[PDB]
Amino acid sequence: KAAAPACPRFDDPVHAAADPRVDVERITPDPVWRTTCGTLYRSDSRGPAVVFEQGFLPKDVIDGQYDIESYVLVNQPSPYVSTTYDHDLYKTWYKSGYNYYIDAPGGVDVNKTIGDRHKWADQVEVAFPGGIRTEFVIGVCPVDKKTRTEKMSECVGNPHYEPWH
């Protein structure tokens, strides 16, 4: 056996962003940034050909909803790309299509920022302001809709993934 090491910390809290125009000072309430570096996940209907080329881009870094509580409660275009600590959250998204695997620094830990008592706390969300560059997307597994399971012989690694710890 061996015990795991601690995580590298980038000076820039949105180092991972695919759209660097995001304005960290407009995030409300004051963000509590994730400091761990385990695999995160994102259920998305968008296909890997697109995600591996572009990364995850947010809907609207300019005029989107920068208030995290508002974004979480009432889905609206925002500067954030949502991910989760929970490998299995894809089972709750119908027509999910894909479970993406993400190894990215930072992100806003939603429950540490707005509390763990709101309606969607069990999503254990990490919100990435400005999204996530493709170099931080490990890969993807397609999801079988009828059983809500991963088609594990059809997982694909992202050729652009760059390990960093």
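For every residue, the number given is its place in the sequence shown, counted from 1.
**Q** Comparing 155-163 with 3-11, which stretch shows the greater average C-alpha B-factor in the deposited entry?
**A** The stretch with the larger average C-alpha B-factor is 3-11.
**Q** Would you determine, from the values in the PDB entry, which of 90-98 and 76-84 has the greater average C-alpha temperature factor?
**A** Comparing 76-84 with 90-98, the higher average CA B-factor belongs to 90-98.
**Q** In this PDB entry, which of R42, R117, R133, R46 has the top CA B-factor?
**A** When the deposited C-alpha B-factors of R42, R117, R133, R46 are compared, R117 is largest.
**Q** Which listed residue, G38, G106, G55, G64, has the largest C-alpha temperature factor in the record?
**A** Max CA B-factor in the entry, restricted to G38, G106, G55, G64: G64.
**Q** Name the third of the chain's ranked CA B-factors that contains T113, choosing lowest, middle or highest.
**A** Answer is middle: the recorded C-alpha B-factor places it there.
**Q** Rank-wise, by C-alpha B-factor, drop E125 into the lowest, middle or highest third of its chain.
**A** Bottom third by C-alpha B-factor.
**Q** Of the three thirds of its chain by CA temperature factor, lowest, middle or highest, which one includes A16?
**A** It falls in the middle third of the chain.
**Q** Is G139 in the lowest, middle or highest third of its chain when residues are ranked by C-alpha B-factor?
**A** Lowest third, going by the recorded CA B-factors of the chain.
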